[PDB]
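Peer 1: Numbering (the entry's author numbering), first residue to last: 576 to 675.
Just so you know, even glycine gets a beta-carbon here, dropped at the ideal spot from N, CA and C.
Submitted below is the structure of interest, expressed as structure tokens.
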Amino acid sequence: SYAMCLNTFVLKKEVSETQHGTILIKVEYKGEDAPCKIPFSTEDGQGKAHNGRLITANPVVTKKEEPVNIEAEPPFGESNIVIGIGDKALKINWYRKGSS
Numbered sequence: 576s577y578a579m580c581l582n583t584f585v586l587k588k589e590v591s592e593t594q595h596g597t598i599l600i601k602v603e604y605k606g607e608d609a610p611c612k613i614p615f616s617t618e619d620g621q622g623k624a625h626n627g628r629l630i631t632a633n634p635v636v637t638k639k640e641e642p643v644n645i646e647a648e649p650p651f652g653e654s655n656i657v658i659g660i661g662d663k664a665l666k667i668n669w670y671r672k673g674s675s
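Structure, rendered in structure tokens:
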């Protein structure tokens, strides 16, 4: 239902990985257009799309002043999780291993 957030996000703490190989990301939003949907995508090193998905999966900013906890399942190996759009988007590099 919500439109996309068009502004910038800030990372509030160290990123971390769960047992299921999902990543936990805590962000704060710097725009005035909340409530809005958090734009989420994944990229390779040279900037082309990749194979990641949200677990939260309707992650939204309700109040600008209030952090949002995102859980995401990035692709295997190295990827860049991108939160927000364009330049200024937060980009988090991560390497996901599967089981030996």
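(1) Between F615 and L629, how many whole angstroms is the CB-CB distance? I'm expecting something under 8 Å.
(2) Excluding five sequence neighbours on each side, which residues of the same chain lie with their C-beta closer than 7 Å to the C-beta of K638?
(3) When you compare only the Cα positions, how much space is there between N633 and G627?
(4) If you follow the beta strand (DSSP E) that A647 is part of, which residue opens it and which one closes it?
(5) Who does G652 pair with in a DSSP beta bridge?
(6) Just to confirm my understanding: we take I660, look at its own chain, exclude 5 residues before and 5 after, and list those with CB closer than 6 Å. What are they?
(7) What's the gap between the Cα of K666 and the Cα of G673?
(8) Roughly how many angstroms lie between the CA atoms of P642 and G652, to the nearest whole one?
(9) With C-beta atoms as the reference, is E607 less than 9 Å away from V585?
(10) In whole angstroms, what is the alpha-carbon distance linking residue 731 and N655?
Peer 2: With the given structure in hand:
(1) 6 Å
(2) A609
(3) 14 Å
(4) 643-648
(5) Looking at the DSSP assignment, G652 forms a beta bridge with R671.
(6) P614
(7) 22 Å
(8) 28 Å
(9) no
(10) Residue 731 lies beyond the range of the chain shown here (576 to 675); nothing can be said about it.
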